[PDB]
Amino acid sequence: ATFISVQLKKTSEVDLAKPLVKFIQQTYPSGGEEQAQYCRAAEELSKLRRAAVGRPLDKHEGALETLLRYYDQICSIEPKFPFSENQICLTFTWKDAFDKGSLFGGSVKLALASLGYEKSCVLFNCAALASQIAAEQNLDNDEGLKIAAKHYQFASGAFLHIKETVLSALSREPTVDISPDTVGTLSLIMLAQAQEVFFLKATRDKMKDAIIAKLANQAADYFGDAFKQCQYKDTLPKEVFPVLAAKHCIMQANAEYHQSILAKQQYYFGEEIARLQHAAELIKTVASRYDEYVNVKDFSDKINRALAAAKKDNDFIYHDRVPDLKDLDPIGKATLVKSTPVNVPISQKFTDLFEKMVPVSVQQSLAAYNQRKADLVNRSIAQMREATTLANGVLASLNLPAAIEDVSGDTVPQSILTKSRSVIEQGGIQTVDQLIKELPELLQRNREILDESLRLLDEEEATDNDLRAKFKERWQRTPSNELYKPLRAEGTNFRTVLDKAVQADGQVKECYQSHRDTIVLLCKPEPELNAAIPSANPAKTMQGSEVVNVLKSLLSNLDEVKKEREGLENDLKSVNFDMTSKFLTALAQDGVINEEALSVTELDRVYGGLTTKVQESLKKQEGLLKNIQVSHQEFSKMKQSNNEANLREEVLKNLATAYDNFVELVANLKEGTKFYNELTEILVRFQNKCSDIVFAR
């Protein structure tokens, strides 16, 4: 009993851990327990591939489950690494299963950095191994048949799946063995052989000849189509062609022989004989042309006995006319087989090593989302500040709201006194004197770290160039020069960072030198400060004016409008939406994650209320600034240009500008300090990459 099976494809060993850990780390918190398992999974994985492919093969469910498990686990990884860009290069090398190449050289090999290549080959080997285990079943007992039937159908389904994916999964052309046509024929061969197995069960179970005939006929139809496909393309091994021809005939004969029994049971004696003659013709040709692949003697004898006896009853008793074959009805067909669909997991008790790892399409949509959210928040925030800066600068420009608090040109207007006290309580100038003094020191600290860092590289690179010089042979290595190119690139950037930071130091310092005198004045105790603000004769005409009460509450609103920006900015920054689980839903419930529409929609939901209140502020300020500029210049009519009051006005306008500048300056200095301290953190790390690498060398 000869059944076709397929040989496994050979692959070269390939470091599977390498491109995976590399990325794994580029992706997680170093030392972080993420890496603790994900890197520990890409180990088991490489050790699995070794087992599922490198091993000299053992024809049992053990080695097949390992191979099945390997197919599963590979499929479970595609969405969780950036194979798509393929910038994560790992190369898979497979040989042809049949040594089939268009050009006349035995083995044609093919290596590809396509996980789709890997997938098709593992699956082909899965179908082939299944085909070999099927072919070994004992088709005399009930479980031999069940296992063979299940495996031929599995192989059929796997080969078919390969036929329908292989090209989309590969850029270029496949080796022959796995090309859609070769795998289409193998899938049909496997399906034919599973029909055969069912024909054999039907037989062993002594079912009605009508059934057995239809089963055998169906099998013949399968074997015949596979035969045809092979007739004018020779991409399968040498013994496959004759064997298909043989089994095609032997299955037609079995169909004839069983139908002939049905004919005799119906007294169609002429048909019985015609069908047996056909069966004998077929089996006779098989016996003499494919004796190398097939044994048909028992079948030939059983037919010959039935034909002899049928002819005896007919020649002597029945005298029924024997029909031409062209004139018989077709025998029917009944299929009990299905090529089995591939639906990972195909292995039993599958467990996905990287189940917890986040789909790469989700992490990309999360990052994209944050660049979108930062933009939303920063924009809104910067818009507001600029607007507050503008309004404060305008009010100063108008001596507002000092002017309308200035009842007697004799004392410190209340707004000035409040601002003064506000400044004194935050330390006064000695607060700004400190930050300005310590700024050049935080800068130095960082130059120093960057400098010692790079000196390390310079010094180790030096001895390395010397050693290679005096010991060419015993000191062969990649030069330090080449190894250090990356780190010296970070270095150079860092340098350009310090360039910008210093540039900003200079701007802040020039602002501090140009406003430090007024501020020192602003910080004086009330009487001393008052005695430094020139007196003026206050026009009492102003108390109660229409221009004044309007301006006054026109200014009240402007104040509320700006203390409002404080909560606003604080709310923009204090909220956050974790979008992962919303991205997961879009990916499970759907084929793809469309983040743009998804995040735009969530941003509008989370931030929309504020990005609208913010938006209100600005145009509400515009309304206020417009109304104030006009309503003021009317207050400018009642205004009276006497040099006593002009001096007073100068000084008041300047103290208010001084408050603004104090507030702004302190903020640019705290900012700059936070920056230099973060920079120390980042630079200290960079100094570790440097020493670690000078001492691994």
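Position 1 is the first residue in the sequence shown; the rest follow in order. Between two forms, the rigid core is the largest collection of C-alphas that superpose within 1.5 Å.
After superposing on the rigid core, the larger RMS C-alpha deviation in 4 other deposited structures of this protein belongs to 540-548, the other candidate being whichever of 479-487 and 540-548 remains.
Taking the rigid core as the alignment reference, the C-alpha atoms of 86-94 lie farther on average from the displayed form in 4 other deposited structures of this protein than those of the other stretch among 86-94 and 199-207. Taking the PDB entry as given, 584-592 carries the higher mean Cα B factor of the two stretches 422-430 and 584-592. Higher mean CA temperature factor, per the PDB entry, when comparing 301-309 with 354-362: 354-362.
Across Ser453, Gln266, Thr340, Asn537, the greatest Cα temperature factor reported in the deposited entry is at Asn537. Set against one another, the Cα B-factors of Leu652, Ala63, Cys39, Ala658 in the record reach their highest point at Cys39. Annotation for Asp225: C-alpha temperature factor in the lowest third relative to the rest of the modelled chain, per the entry. When the modelled residues of the chain are ordered by their C-alpha B factor, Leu48 lands in the highest third.
Per the deposited record, the Cα B-factor of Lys109 falls in the highest third when ranked against the other modelled residues of its chain. When all modelled residues of the chain are sorted by CA temperature factor, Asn295 is found within the middle third. Per the PDB record, residue ranking by Cα B-factor puts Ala1 in the highest third of the chain.
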